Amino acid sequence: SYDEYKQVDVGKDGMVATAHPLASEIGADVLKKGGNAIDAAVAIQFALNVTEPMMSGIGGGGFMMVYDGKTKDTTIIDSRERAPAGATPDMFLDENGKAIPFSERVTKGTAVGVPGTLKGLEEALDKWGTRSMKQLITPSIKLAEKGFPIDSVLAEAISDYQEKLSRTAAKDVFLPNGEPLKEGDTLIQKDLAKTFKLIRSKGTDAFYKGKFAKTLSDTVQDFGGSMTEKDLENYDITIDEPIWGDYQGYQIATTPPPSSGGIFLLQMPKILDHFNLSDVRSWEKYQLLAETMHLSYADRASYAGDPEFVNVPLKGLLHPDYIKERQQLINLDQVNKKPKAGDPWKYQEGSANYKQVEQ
């Protein structure tokens, strides 16, 4: 029963924490049976792909931060999707051209990035693995082939996203006679189980090459996207270096661009430091949190993108004198009705290769 699982646990040998009890059981088993943390993480991604299918897996991408017990280096396997070679800067504009409404946009072939998750898993095992992808994918093959009982969150997702599912082959799996599967119903994913078995036998070429690659491509085009078999062939991950900040005697290792998150995770506490946060439910605390967010999120919209393509002013965004400028904009009792991006370029060299454009 899902009811019987912990949200706080302890161990002396090991710890797993994931958003699905069956993925947690699988990762913990790998640790039980003498796997490392990387082995267990790779097993977990495949399990989540089956048991929390609306949230991640081999159709997507991610950022896997790994501290290596051996080397003491922290690195990031960045499996973020790439736009196909056929993508264009105005692909989400209609004929006029203004923006195809979000909720339609989501839903189009042009939205599909070349998936990286599986390439990332292969990379992680190559670097740190002590168990084969064959061993690690097997528990998920069983969950896909044989079923498990859907939890409340997946149940609500199927219900909430019924229209979008309707629309596509996904309906055969999640809507299986025109009705949404309900909490506690068995979800069987025969085709996904077959895809995982192909990966088990042939390796990742089962996904990035031959007959699956052809069908993934054909499908995206049929929905209006440009993705090609060559796009899939071309895909590789990147190894990213964490960006670091000092915080209250700790060091924060976090993810650089193409994540926007790391820079502003570092920037916000630098801005907040001046104000000494520190009653937990006072209006003061929430006010300072909100004002700071307004500033950092404005900088995010102006200055962040893929660093292979654009000059992100990292140095300049987390320069002390820049932090001071931003801190000066924040007042305990009033609110800045007009929060805007600062000018981090004052504090570093070079210049932006991109314009400021309203969205």
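One-based numbering along the sequence shown.
The deposited sequence places no unmodelled residues between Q248 and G249, so the chain runs continuously there. As listed in the deposited structure, the average C-alpha B-factor of 309-317 and of 328-336 is greater for 328-336. For the two regions 143-151 and 86-94, the entry's Cα B-factors average higher over 86-94. The PDB entry assigns its highest CA temperature factor, among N276, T255, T130, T117, to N276. Per the deposited record, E179 carries the highest C-alpha B-factor of all listed residues (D205, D231, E81, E179). Ranked against the other modelled residues of its chain, the C-alpha B-factor of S103 as given in the entry falls in the highest third.
The deposited CA B-factor of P21 belongs to the lowest third of values across its chain.
Residue-level temperature factors show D73 in the middle third of its chain, judged at the C-alpha atom. Ranked against the other modelled residues of its chain, the C-alpha B-factor of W244 as given in the entry falls in the middle third. Looking at the C-alpha B-factors along this chain, the one for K214 belongs to the middle third.
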